[PDB]
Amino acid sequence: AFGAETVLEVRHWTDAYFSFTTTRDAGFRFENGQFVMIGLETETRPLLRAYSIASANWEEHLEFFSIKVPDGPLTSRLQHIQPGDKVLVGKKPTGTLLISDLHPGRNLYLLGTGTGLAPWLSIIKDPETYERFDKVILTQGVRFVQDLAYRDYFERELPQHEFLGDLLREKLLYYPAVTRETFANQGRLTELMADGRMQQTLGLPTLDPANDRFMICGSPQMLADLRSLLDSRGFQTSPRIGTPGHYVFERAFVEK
């Protein structure tokens, strides 16, 4: 059920976040935005947790973007992985963060906090994302400036993607947000959207249910707050996988 894959590269962003890549089974297929069970072998039972696949389905490796919880059963150990180590990966990806469950639209907003950024790494590398949308707004809301992950990638490297680059300079807009200190965009994503600061910064029109589509991935609080905002502006959720709406959303984690 859970075959081992091998850890390739590992990068630590902060004391709380790190990324890693693994090998990918020949028969492993997924839709961009989906999550899969991953984990570790132990002295007893394997430790297994849901993780977004932070890479596109056309890519040769898998990537994961992970929290580090000091006493978390999985991540207390996962944080110490090294190239060559084994990480268990499931066979059955699933999840709600699918552009196929978004009604036709013009602007695609990817609203993520913390590790909620993970599925966006997949989505922004899907060619179909750009076939369907005029603008793709990539966000990450974090606490401090130093917490922003993949910043150089988004700001410098991705606009040079030998293959996606030309399109990305035209369509991909990066909007980092920081809560706990002064910054160009200071606040929760809900607050930056509530008074239209996000749209003003990006040069986009006031939110409109006919035009704007959302994918939302974050804390229980951010999901509740953003859903309340969008619902109050006339946006309708996708009610289940396979049924389209103006937005889709998925818990980045649960407060256990």
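Note that residue numbering begins at 1 and tracks the sequence as displayed.
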{"item": "Greater mean Cα temperature factor according to the PDB record, 94-102 or 78-86", "value": "78-86"}
{"item": "Comparing 187-195 with 23-31, the one whose average Cα B-factor in the PDB entry is higher", "value": "23-31"}
{"item": "Candidate residues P176, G165, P119, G114, the one whose C-alpha B factor the record puts highest", "value": "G165"}
{"item": "Identity of residue with top Cα B-factor, from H61, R227, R49, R213", "value": "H61"}
{"item": "Chain-wide C-alpha B factor ranking for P239, given as lowest, middle or highest third", "value": "middle"}
{"item": "Chain-wide C-alpha B factor ranking for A149, given as lowest, middle or highest third", "value": "middle"}
{"item": "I53 - which third its CA temperature factor falls in, relative to the rest of the chain", "value": "lowest"}
{"item": "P159 by Cα B-factor - lowest, middle or highest third of the modelled chain", "value": "highest"}
{"item": "Modelled-residue ranking by C-alpha temperature factor, third containing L40", "value": "highest"}
